[PDB]
>>> print(open('structure-v2.txt').read())   # compact mmCIF, C-alpha atoms
# COMPACT_ATOMS: atom_id res chain seq x y z
CA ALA A 24 55.77 27.40 34.68
CA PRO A 25 57.34 26.37 37.99
CA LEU A 26 60.04 28.50 39.56
CA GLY A 27 63.37 27.78 37.90
CA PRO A 28 66.53 29.00 36.12
CA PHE A 29 64.94 29.90 32.80
CA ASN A 30 62.98 32.60 31.03
CA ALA A 31 59.52 31.52 32.17
CA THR A 32 57.73 33.66 29.57
CA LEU A 33 59.61 32.10 26.65
CA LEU A 34 59.31 28.57 28.04
CA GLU A 35 55.54 28.94 28.54
CA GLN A 36 55.21 30.45 25.05
CA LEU A 37 57.06 27.49 23.53
CA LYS A 38 54.95 24.99 25.49
CA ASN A 39 51.67 26.65 24.47
CA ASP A 40 52.59 26.98 20.79
CA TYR A 41 53.86 23.39 20.63
CA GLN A 42 50.65 22.12 22.24
CA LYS A 43 48.46 24.08 19.80
CA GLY A 44 50.47 22.74 16.85
CA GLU A 45 51.94 25.95 15.44
CA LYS A 46 54.24 25.15 12.51
CA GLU A 47 57.33 27.23 13.35
CA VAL A 48 57.53 26.24 17.03
CA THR A 49 56.77 22.62 16.11
CA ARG A 50 59.67 22.31 13.68
CA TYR A 51 61.99 24.15 16.09
CA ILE A 52 61.08 21.71 18.88
CA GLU A 53 61.57 18.77 16.51
CA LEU A 54 65.10 20.02 15.79
CA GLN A 55 65.68 20.32 19.54
CA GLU A 56 64.52 16.71 20.01
CA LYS A 57 66.97 15.59 17.32
CA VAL A 58 69.63 17.47 19.29
CA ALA A 59 68.59 15.83 22.59
CA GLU A 60 68.66 12.22 21.38
CA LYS A 61 72.37 12.17 22.27
CA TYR A 62 71.52 13.17 25.85
CA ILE A 63 68.98 10.35 25.89
CA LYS A 64 71.78 7.95 24.92
CA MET A 65 74.51 9.56 27.06
CA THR A 66 75.81 7.71 30.12
CA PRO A 67 75.17 9.60 33.39
CA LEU A 68 78.37 11.21 34.68
CA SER A 69 79.54 11.14 38.29
CA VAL A 70 81.78 13.45 40.30
CA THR A 71 83.46 10.23 41.51
CA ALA A 72 85.11 9.49 38.13
CA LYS A 73 88.53 10.78 39.16
CA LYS A 74 91.78 8.96 39.90
CA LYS A 75 93.53 11.68 41.95
CA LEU A 76 91.54 12.16 45.21
CA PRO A 77 90.94 15.34 47.23
CA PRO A 78 92.48 15.80 50.69
CA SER A 79 89.31 14.26 52.17
CA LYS A 80 90.03 10.94 50.38
CA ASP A 81 86.37 11.12 49.28
CA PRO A 82 85.76 10.74 45.52
CA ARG A 83 82.31 12.28 46.12
CA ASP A 84 83.91 15.63 47.05
CA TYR A 85 83.95 18.01 44.09
CA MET A 86 87.48 19.26 43.34
CA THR A 87 88.87 21.51 40.60
CA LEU A 88 91.92 23.69 39.99
CA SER A 89 91.67 27.47 40.12
CA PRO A 90 92.15 28.28 36.42
CA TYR A 91 94.62 31.19 36.62
CA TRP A 92 97.12 29.50 38.97
CA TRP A 93 100.28 27.93 37.53
CA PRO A 94 103.26 25.99 38.88
CA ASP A 95 106.26 28.20 39.64
CA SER A 96 109.10 26.85 37.49
CA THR A 97 111.66 28.55 39.78
CA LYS A 98 110.68 26.12 42.58
CA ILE A 99 111.79 22.49 42.85
CA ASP A 100 108.21 21.26 43.34
CA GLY A 101 106.52 24.17 41.54
CA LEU A 102 104.86 25.30 44.81
CA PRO A 103 103.36 27.64 45.68
CA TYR A 104 101.38 28.27 42.49
CA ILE A 105 101.32 31.84 41.19
CA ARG A 106 98.43 33.73 39.61
CA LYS A 107 98.36 34.77 35.94
CA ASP A 108 95.09 36.63 35.38
CA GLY A 109 93.19 35.49 32.30
CA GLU A 110 95.56 32.65 31.29
CA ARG A 111 93.94 29.24 31.83
CA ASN A 112 96.31 26.58 33.15
CA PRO A 113 95.53 23.41 31.13
CA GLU A 114 96.10 21.36 34.31
CA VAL A 115 92.46 22.23 35.10
CA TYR A 116 91.53 19.49 32.62
CA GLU A 117 93.15 16.87 34.87
CA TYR A 118 90.13 17.34 37.17
CA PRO A 119 87.28 15.59 35.32
CA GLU A 120 84.66 17.43 37.41
CA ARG A 121 85.33 20.67 35.53
CA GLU A 122 84.02 19.52 32.15
CA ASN A 123 81.78 16.73 33.47
CA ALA A 124 79.67 19.18 35.50
CA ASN A 125 79.25 21.21 32.31
CA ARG A 126 78.19 18.11 30.37
CA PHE A 127 75.77 17.01 33.12
CA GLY A 128 74.30 20.51 33.38
CA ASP A 129 73.70 20.63 29.63
CA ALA A 130 72.15 17.15 29.50
CA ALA A 131 69.84 17.66 32.48
CA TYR A 132 68.78 21.16 31.43
CA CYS A 133 67.99 20.10 27.86
CA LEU A 134 66.07 16.96 28.85
CA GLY A 135 64.02 18.73 31.52
CA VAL A 136 63.15 21.70 29.30
CA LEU A 137 62.09 19.37 26.49
CA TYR A 138 59.95 17.29 28.84
CA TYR A 139 58.24 20.48 30.02
CA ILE A 140 57.59 21.58 26.44
CA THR A 141 56.54 18.24 24.89
CA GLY A 142 55.35 16.15 27.84
CA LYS A 143 57.09 13.09 26.40
CA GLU A 144 58.06 10.84 29.31
CA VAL A 145 61.36 9.76 27.70
CA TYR A 146 62.91 13.16 28.46
CA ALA A 147 61.81 13.02 32.11
CA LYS A 148 63.22 9.48 32.38
CA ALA A 149 66.63 10.44 30.96
CA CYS A 150 66.75 13.66 33.00
CA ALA A 151 65.94 11.68 36.14
CA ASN A 152 68.79 9.27 35.41
CA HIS A 153 71.25 12.17 35.10
CA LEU A 154 69.94 13.93 38.23
CA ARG A 155 70.00 10.75 40.34
CA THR A 156 73.55 9.87 39.34
CA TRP A 157 75.03 13.34 39.83
CA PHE A 158 73.16 14.40 42.99
CA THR A 159 71.55 11.75 45.17
CA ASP A 160 73.06 8.31 44.46
CA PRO A 161 74.61 7.03 47.73
CA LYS A 162 77.77 5.97 45.85
CA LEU A 163 77.95 8.07 42.66
CA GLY A 164 76.33 11.20 44.09
CA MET A 165 78.18 14.42 44.78
CA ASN A 166 78.61 15.48 48.39
CA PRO A 167 76.59 18.68 48.99
CA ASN A 168 79.58 20.99 49.40
CA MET A 169 82.27 22.83 47.44
CA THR A 170 85.13 22.58 49.95
CA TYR A 171 87.75 21.71 47.31
CA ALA A 172 86.37 23.68 44.36
CA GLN A 173 89.20 25.57 42.60
CA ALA A 174 91.84 24.48 45.07
CA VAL A 175 95.31 26.00 44.65
CA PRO A 176 98.35 23.77 45.31
CA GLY A 177 100.69 25.34 47.85
CA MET A 178 98.18 27.88 49.16
CA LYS A 179 97.91 27.59 52.94
CA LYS A 180 94.67 29.58 53.29
CA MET A 181 91.12 28.44 52.59
CA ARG A 182 89.44 30.03 49.58
CA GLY A 183 85.77 30.24 48.68
CA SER A 184 86.24 31.47 45.11
CA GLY A 185 85.61 28.03 43.60
CA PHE A 186 81.95 28.20 44.63
CA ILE A 187 81.18 29.83 41.27
CA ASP A 188 81.66 26.38 39.68
CA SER A 189 78.33 25.42 41.28
CA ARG A 190 76.49 27.35 38.57
CA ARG A 191 77.18 24.39 36.25
CA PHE A 192 74.97 21.99 38.22
CA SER A 193 72.72 24.35 40.20
CA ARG A 194 70.90 25.10 36.94
CA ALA A 195 70.35 21.35 36.58
CA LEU A 196 68.99 21.28 40.13
CA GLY A 197 66.45 23.96 39.25
CA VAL A 198 65.42 22.16 36.07
CA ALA A 199 64.45 19.13 38.16
CA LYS A 200 61.35 21.14 39.12
CA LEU A 201 60.12 20.66 35.54
CA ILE A 202 60.00 16.84 35.78
CA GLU A 203 58.11 16.57 39.07
CA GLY A 204 54.84 14.76 38.45
CA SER A 205 56.31 12.56 35.73
CA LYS A 206 56.16 8.78 35.96
CA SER A 207 59.97 8.59 36.17
CA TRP A 208 60.62 11.14 38.96
CA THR A 209 59.04 9.45 41.97
CA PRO A 210 58.22 11.20 45.26
CA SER A 211 61.20 9.27 46.65
CA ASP A 212 63.53 10.84 44.06
CA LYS A 213 62.11 14.28 44.84
CA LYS A 214 62.58 13.72 48.58
CA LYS A 215 66.22 12.69 48.12
CA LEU A 216 66.92 15.71 45.91
CA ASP A 217 65.16 18.03 48.38
CA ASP A 218 67.33 16.70 51.20
CA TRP A 219 70.44 17.17 49.04
CA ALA A 220 69.43 20.74 48.14
CA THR A 221 68.74 21.59 51.78
CA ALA A 222 72.16 20.28 52.80
CA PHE A 223 73.84 22.21 49.97
CA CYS A 224 71.95 25.38 50.91
CA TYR A 225 73.06 24.98 54.52
CA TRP A 226 76.66 24.56 53.38
CA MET A 227 76.25 27.63 51.13
CA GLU A 228 75.11 29.81 54.00
CA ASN A 229 77.05 28.46 57.00
CA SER A 230 80.46 27.26 55.81
CA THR A 231 83.29 29.78 56.14
CA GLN A 232 83.88 29.56 52.39
CA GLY A 233 80.20 30.10 51.61
CA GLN A 234 79.97 33.18 53.82
CA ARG A 235 83.22 34.57 52.37
CA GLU A 236 81.89 34.09 48.84
CA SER A 237 78.60 35.66 49.94
CA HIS A 238 80.52 38.84 50.78
CA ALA A 239 82.56 38.91 47.55
CA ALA A 240 83.02 42.36 46.02
CA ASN A 241 82.87 41.45 42.32
CA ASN A 242 81.04 39.12 39.91
CA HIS A 243 81.72 36.27 42.35
CA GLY A 244 79.24 37.75 44.84
CA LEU A 245 76.59 38.23 42.16
CA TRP A 246 77.05 34.65 40.92
CA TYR A 247 76.97 33.38 44.50
CA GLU A 248 73.55 34.97 44.84
CA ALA A 249 72.36 33.63 41.47
CA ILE A 250 73.34 30.11 42.58
CA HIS A 251 71.66 30.82 45.93
CA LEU A 252 68.45 31.80 44.14
CA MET A 253 68.49 28.61 42.07
CA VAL A 254 68.87 26.51 45.22
CA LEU A 255 66.16 28.52 47.03
CA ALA A 256 63.74 28.36 44.09
CA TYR A 257 64.19 24.60 43.85
CA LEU A 258 63.22 24.46 47.54
CA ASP A 259 60.21 26.83 47.16
CA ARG A 260 61.71 29.39 49.57
CA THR A 261 60.22 32.42 47.83
CA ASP A 262 60.40 34.63 50.93
CA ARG A 263 64.10 33.77 51.18
CA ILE A 264 64.43 34.77 47.52
CA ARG A 265 62.94 38.17 48.39
CA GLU A 266 65.24 38.52 51.41
CA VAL A 267 68.30 37.67 49.29
CA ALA A 268 67.29 40.06 46.50
CA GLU A 269 66.77 43.01 48.83
CA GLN A 270 69.52 42.34 51.39
CA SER A 271 72.36 41.02 49.22
CA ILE A 272 71.87 41.30 45.45
CA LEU A 273 70.74 44.94 45.31
CA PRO A 274 73.43 46.20 47.74
CA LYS A 275 76.11 44.34 45.77
CA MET A 276 74.78 45.81 42.53
CA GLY A 277 74.70 49.31 44.01
CA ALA A 278 78.27 49.05 45.27
CA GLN A 279 79.73 47.44 42.13
CA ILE A 280 78.23 49.82 39.52
CA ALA A 281 80.02 53.15 39.19
CA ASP A 282 78.33 56.49 38.55
CA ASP A 283 78.93 56.23 34.79
CA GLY A 284 77.61 52.65 34.70
CA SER A 285 80.96 50.86 34.52
CA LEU A 286 81.94 47.92 36.74
CA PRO A 287 85.31 48.96 38.22
CA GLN A 288 86.06 45.58 39.82
CA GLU A 289 85.83 43.99 36.36
CA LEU A 290 87.46 46.83 34.39
CA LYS A 291 90.79 46.07 36.11
CA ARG A 292 90.91 42.51 34.73
CA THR A 293 92.84 41.38 31.67
CA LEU A 294 89.49 40.23 30.24
CA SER A 295 87.50 43.29 31.29
CA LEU A 296 84.71 43.07 28.70
CA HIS A 297 84.23 39.35 29.35
CA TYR A 298 84.02 39.86 33.11
CA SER A 299 81.72 42.89 32.90
CA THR A 300 79.42 40.74 30.77
CA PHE A 301 79.84 37.88 33.26
CA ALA A 302 78.62 40.05 36.15
CA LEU A 303 75.63 41.19 34.11
CA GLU A 304 74.99 37.52 33.24
CA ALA A 305 74.85 36.65 36.94
CA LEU A 306 72.28 39.43 37.32
CA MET A 307 70.38 38.13 34.27
CA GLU A 308 70.06 34.58 35.59
CA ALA A 309 69.09 35.86 39.05
CA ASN A 310 66.40 38.02 37.46
CA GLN A 311 64.98 35.04 35.57
CA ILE A 312 63.94 33.80 39.03
CA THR A 313 63.18 37.08 40.83
CA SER A 314 60.92 38.39 38.05
CA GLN A 315 58.73 35.29 38.44
CA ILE A 316 57.78 36.63 41.90
CA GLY A 317 57.45 40.28 40.86
CA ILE A 318 60.99 41.63 41.33
CA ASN A 319 62.73 43.12 38.26
CA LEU A 320 66.44 43.19 39.09
CA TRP A 321 67.10 45.19 35.91
CA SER A 322 65.10 48.23 37.06
CA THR A 323 64.83 47.88 40.85
CA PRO A 324 67.16 50.45 42.46
CA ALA A 325 69.70 49.91 45.19
CA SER A 326 69.58 52.13 48.27
CA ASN A 327 71.80 54.65 46.43
CA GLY A 328 69.42 54.70 43.45
CA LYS A 329 71.72 52.88 41.03
CA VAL A 330 70.14 50.32 38.68
CA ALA A 331 71.60 47.50 36.57
CA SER A 332 70.24 49.10 33.40
CA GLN A 333 72.98 51.71 33.89
CA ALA A 334 75.60 48.98 33.43
CA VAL A 335 73.75 47.58 30.41
CA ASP A 336 73.72 51.10 28.95
CA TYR A 337 77.44 51.54 29.62
CA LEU A 338 78.17 48.28 27.79
CA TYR A 339 75.74 48.60 24.84
CA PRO A 340 78.02 50.64 22.49
CA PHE A 341 80.74 48.01 22.95
CA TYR A 342 78.26 45.23 22.25
CA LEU A 343 77.59 47.05 18.99
CA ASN A 344 81.30 47.43 18.15
CA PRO A 345 83.57 45.35 20.43
CA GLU A 346 86.64 46.89 18.77
CA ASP A 347 85.86 50.19 20.52
CA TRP A 348 86.51 48.57 23.92
CA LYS A 349 89.40 50.48 25.48
CA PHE A 350 90.26 48.29 28.49
CA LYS A 351 92.39 45.15 28.53
CA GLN A 352 90.72 42.23 26.73
CA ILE A 353 93.44 39.75 25.74
CA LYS A 354 90.99 37.31 24.14
CA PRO A 355 88.21 37.76 21.56
CA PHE A 356 84.76 38.49 22.98
CA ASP A 357 81.87 36.20 22.04
CA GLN A 358 79.28 38.70 20.81
CA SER A 359 76.56 36.02 20.94
CA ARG A 360 76.54 36.47 24.72
CA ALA A 361 75.25 39.99 24.08
CA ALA A 362 72.30 38.57 22.12
CA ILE A 363 70.68 36.83 25.10
CA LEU A 364 71.73 39.53 27.59
CA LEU A 365 70.42 42.45 25.53
CA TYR A 366 67.20 40.51 25.03
CA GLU A 367 66.77 39.69 28.72
CA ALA A 368 67.54 43.26 29.78
CA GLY A 369 65.63 44.70 26.82
CA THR A 370 62.29 43.04 27.48
CA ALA A 371 62.80 43.71 31.19
CA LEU A 372 63.08 47.45 30.47
CA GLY A 373 60.78 47.84 27.47
CA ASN A 374 63.87 49.08 25.60
CA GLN A 375 63.10 48.27 21.97
CA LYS A 376 66.62 49.23 20.87
CA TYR A 377 68.17 46.50 23.03
CA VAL A 378 65.78 43.87 21.67
CA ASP A 379 66.32 44.99 18.07
CA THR A 380 70.09 44.72 18.52
CA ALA A 381 69.67 41.34 20.24
CA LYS A 382 67.73 40.05 17.22
CA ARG A 383 70.19 41.64 14.77
CA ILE A 384 73.14 39.91 16.45
CA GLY A 385 70.94 36.85 16.80
CA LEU A 386 71.70 33.22 17.51
CA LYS A 387 72.19 30.49 14.94
CA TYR A 388 68.99 28.54 14.37
CA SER A 389 70.53 25.06 14.70
CA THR A 390 72.96 25.53 17.60
CA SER A 391 73.05 22.69 20.11
CA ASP A 392 74.01 25.21 22.82
CA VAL A 393 71.42 24.19 25.41
CA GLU A 394 71.05 27.60 27.05
CA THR A 395 69.70 28.89 23.71
CA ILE A 396 66.77 26.45 23.73
CA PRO A 397 64.16 29.00 24.96
CA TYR A 398 65.33 31.64 22.47
CA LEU A 399 63.65 30.81 19.18
CA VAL A 400 62.80 34.54 19.28
CA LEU A 401 66.50 35.24 18.55
CA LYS A 402 66.79 32.57 15.85
>>> encode(input="structure-v2.txt", output="structure tokens")
Amino acid sequence: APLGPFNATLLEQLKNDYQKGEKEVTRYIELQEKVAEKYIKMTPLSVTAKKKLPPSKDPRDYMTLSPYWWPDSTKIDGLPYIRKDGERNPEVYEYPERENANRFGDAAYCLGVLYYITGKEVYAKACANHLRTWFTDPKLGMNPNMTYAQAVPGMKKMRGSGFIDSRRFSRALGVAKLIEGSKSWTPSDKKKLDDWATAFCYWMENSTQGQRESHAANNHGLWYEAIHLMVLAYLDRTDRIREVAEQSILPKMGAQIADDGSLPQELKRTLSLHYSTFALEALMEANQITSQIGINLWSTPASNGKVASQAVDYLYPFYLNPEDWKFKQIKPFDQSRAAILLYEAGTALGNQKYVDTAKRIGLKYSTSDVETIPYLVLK
């Protein structure tokens, strides 16, 4: 399989078994096709479908609200907003980008994965329509930046924390690699998307916000590098992937994991279990790319000898019984997230206990959750 944001082993296994005609994989893929018909029908979404415009007056600039920032009722205009950790301001849903990037990411990912597995041109055609409209269209396409991602009304300083939103569409970008060579994704389409990805990578690395986010001390830095790896894998910059893994990811991992395996920057949050898992999920998605070029982020040590498996070990008892979690977690934890994680770490470490627990927790066989497509092994 081409380089991309997916478990390449599972995707290749599904493709091979579907091509040979194995019964179980065949019926699973047929269910997935029934799930994807709605994405075939779905109208391609654009970042431009907003009424309230960013400070640039450009509807092609992505803009969202930072979720934990609320109007101050003690002020006449509510400004400046104040931060309430872990409490989502519903005003974030007045920025259509927030949920539309999620919808586009799901549609594109599903259609591209199913084209790769089945070879049916209809999935490549639909996926191309979604990619063209969101990325490269000269009117509907998103500008290759995140200047106004998670903006905060009343804040005078420039923030780069909104860059994490990119993970919603960067995955889609990577999945485009699966439809190259189809009849629907012309060399012209590929050239336009390559130019867009190069411009977005340049913005990533050279904007003040992108640099700031690249030096983030918590899960934001790890997710910045996961997004970076998706952009770099789409562009076939494998040497840059190696540079980023060894110069940025592994130092961040070695600084952010404590001696006992905990993640102190995430333990101080009101949703400490969620955010610990979120950091490990950044590492998981980054490893899906790095392991395709021979770099196992789960067992490769930082300069201080720490390894991400230490954090997985620290969290495992609380993935077994989330009630035992002793730090602040003011919302219920979705244990299904532990199913994929413990699988991805498990197979990456040969740890049969992690994989057995991942299967025991499991995923529901008929979920339309598109990131569970490659995981028939957990269903």
>>> closest_atom_pairs(input="structure-v2.txt", of="segment 281-354 of chain A", to="segment 106-115 of chain A", cutoff="9 Å", atoms="all atoms listed in the file", output="tab-separated table")
residue	atom	partner	partner_atom	distance
A:292	CA	A:108	CA	7.2
A:293	CA	A:109	CA	5.9
A:294	CA	A:109	CA	6.4
A:353	CA	A:109	CA	7.8
A:354	CA	A:109	CA	8.6
>>> write_last_selection(input="structure-v2.txt", atoms="C-alpha atoms", output="JSON list (two decimals), keeping the file's coordinate frame")
[["chain", "number", "residue", "atom", "x", "y", "z"],
["A", 292, "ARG", "CA", 90.91, 42.51, 34.73],
["A", 293, "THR", "CA", 92.84, 41.38, 31.67],
["A", 294, "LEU", "CA", 89.49, 40.23, 30.24],
["A", 353, "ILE", "CA", 93.44, 39.75, 25.74],
["A", 354, "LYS", "CA", 90.99, 37.31, 24.14]]
>>> residues_around(input="structure-v2.txt", residues="residue 296 of chain A", least_positions_apart="3", cutoff="9 Å", atoms="all atoms listed in the file", output="number ranges by chain")
A: 289-290, 292-293, 299-301, 338, 341, 345, 348, 350-352, 356
>>> residues_around(input="structure-v2.txt", residues="residue 317 of chain A", least_positions_apart="3", cutoff="12 Å", atoms="all atoms listed in the file", output="PDB file with C-alpha atoms, in the frame of the given file")
ATOM      1  CA  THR A 261      60.220  32.420  47.830  1.00  0.00           C
ATOM      2  CA  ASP A 262      60.400  34.630  50.930  1.00  0.00           C
ATOM      3  CA  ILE A 264      64.430  34.770  47.520  1.00  0.00           C
ATOM      4  CA  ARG A 265      62.940  38.170  48.390  1.00  0.00           C
ATOM      5  CA  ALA A 268      67.290  40.060  46.500  1.00  0.00           C
ATOM      6  CA  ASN A 310      66.400  38.020  37.460  1.00  0.00           C
ATOM      7  CA  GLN A 311      64.980  35.040  35.570  1.00  0.00           C
ATOM      8  CA  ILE A 312      63.940  33.800  39.030  1.00  0.00           C
ATOM      9  CA  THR A 313      63.180  37.080  40.830  1.00  0.00           C
ATOM     10  CA  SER A 314      60.920  38.390  38.050  1.00  0.00           C
ATOM     11  CA  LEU A 320      66.440  43.190  39.090  1.00  0.00           C
ATOM     12  CA  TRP A 321      67.100  45.190  35.910  1.00  0.00           C
ATOM     13  CA  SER A 322      65.100  48.230  37.060  1.00  0.00           C
ATOM     14  CA  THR A 323      64.830  47.880  40.850  1.00  0.00           C
ATOM     15  CA  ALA A 371      62.800  43.710  31.190  1.00  0.00           C
TER      16      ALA A 371
END
>>> atom_distance(input="structure-v2.txt", atom1="atom CA of residue 358 of chain A", atom2="atom CA of residue 125 of chain A")
20.9 Å
>>> atom_distance(input="structure-v2.txt", atom1="atom CA of residue 62 of chain A", atom2="atom CA of residue 215 of chain A")
22.9 Å
>>> atom_distance(input="structure-v2.txt", atom1="atom CA of residue 274 of chain A", atom2="atom CA of residue 326 of chain A")
7.1 Å
>>> closest_residue(input="structure-v2.txt", among="A:327, A:315, A:390, A:49", to="residue 277 of chain A", atoms="only C-alpha atoms")
A:327
>>> residues_around(input="structure-v2.txt", residues="segment 373-378 of chain A", least_positions_apart="4", cutoff="12 Å", atoms="all atoms listed in the file", output="list in words")
residues 319, 321, 322, 332, 335, 336, 338, 339, 340, 342, 343, 361, 362, 363, 364, 365, 366, 367, 368, 369, 382, 383, 384, 385, 400 and 401 of chain A
>>> closest_residue(input="structure-v2.txt", among="A:396, A:63, A:187, A:105", to="residue 151 of chain A", atoms="all atoms listed in the file")
A:63
>>> closest_residue(input="structure-v2.txt", among="A:212, A:269, A:188, A:248", to="residue 155 of chain A", atoms="only C-alpha atoms")
A:212
>>> closest_atom_pairs(input="structure-v2.txt", of="segment 142-217 of chain A", to="segment 303-308 of chain A", cutoff="12 Å", atoms="only C-alpha atoms", output="CSV")
residue,atom,partner,partner_atom,distance
A:187,CA,A:305,CA,10.3
A:190,CA,A:305,CA,9.6
A:193,CA,A:308,CA,11.5
A:194,CA,A:308,CA,9.6
A:197,CA,A:308,CA,11.8
>>> closest_residue(input="structure-v2.txt", among="A:67, A:167, A:328, A:183", to="residue 220 of chain A", atoms="only C-alpha atoms")
A:167
>>> closest_residue(input="structure-v2.txt", among="A:124, A:202, A:165, A:178", to="residue 147 of chain A", atoms="all atoms listed in the file")
A:202
>>> build_atoms(input="structure-v2.txt", residues="segment 250-269 of chain A", atoms="N, CA and C atoms", output="compact mmCIF listing (two decimals), keeping the file's coordinate frame")
# COMPACT_ATOMS: atom_id res chain seq x y z
N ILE A 250 73.36 31.51 42.15
CA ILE A 250 73.34 30.11 42.58
C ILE A 250 72.41 29.93 43.78
N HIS A 251 72.51 30.85 44.74
CA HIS A 251 71.66 30.82 45.93
C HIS A 251 70.19 30.84 45.54
N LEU A 252 69.84 31.70 44.58
CA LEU A 252 68.45 31.80 44.14
C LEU A 252 68.00 30.53 43.45
N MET A 253 68.88 29.88 42.68
CA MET A 253 68.49 28.61 42.07
C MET A 253 68.22 27.55 43.12
N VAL A 254 69.08 27.47 44.14
CA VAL A 254 68.87 26.51 45.22
C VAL A 254 67.58 26.83 45.99
N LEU A 255 67.33 28.11 46.25
CA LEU A 255 66.16 28.52 47.03
C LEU A 255 64.87 28.38 46.24
N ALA A 256 64.91 28.58 44.92
CA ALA A 256 63.74 28.36 44.09
C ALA A 256 63.43 26.88 43.98
N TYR A 257 64.46 26.04 43.85
CA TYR A 257 64.19 24.60 43.85
C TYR A 257 63.48 24.17 45.13
N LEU A 258 63.78 24.82 46.25
CA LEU A 258 63.22 24.46 47.54
C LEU A 258 61.94 25.21 47.87
N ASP A 259 61.45 26.07 46.97
CA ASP A 259 60.21 26.83 47.16
C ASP A 259 60.32 27.84 48.30
N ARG A 260 61.53 28.35 48.56
CA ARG A 260 61.71 29.39 49.57
C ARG A 260 61.64 30.77 48.90
N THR A 261 60.41 31.16 48.56
CA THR A 261 60.22 32.42 47.83
C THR A 261 60.47 33.63 48.73
N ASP A 262 60.09 33.55 50.00
CA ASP A 262 60.40 34.63 50.93
C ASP A 262 61.90 34.79 51.09
N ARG A 263 62.64 33.68 51.12
CA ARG A 263 64.10 33.77 51.18
C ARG A 263 64.66 34.39 49.91
N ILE A 264 64.03 34.12 48.76
CA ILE A 264 64.43 34.77 47.52
C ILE A 264 64.27 36.28 47.64
N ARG A 265 63.15 36.73 48.21
CA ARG A 265 62.94 38.17 48.39
C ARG A 265 63.96 38.76 49.35
N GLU A 266 64.22 38.07 50.47
CA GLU A 266 65.24 38.52 51.41
C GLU A 266 66.60 38.65 50.73
N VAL A 267 66.98 37.66 49.93
CA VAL A 267 68.30 37.67 49.29
C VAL A 267 68.38 38.78 48.25
N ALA A 268 67.30 38.99 47.49
CA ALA A 268 67.29 40.06 46.50
C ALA A 268 67.47 41.42 47.16
N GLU A 269 66.75 41.67 48.26
CA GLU A 269 66.77 43.01 48.83
C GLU A 269 67.93 43.25 49.78
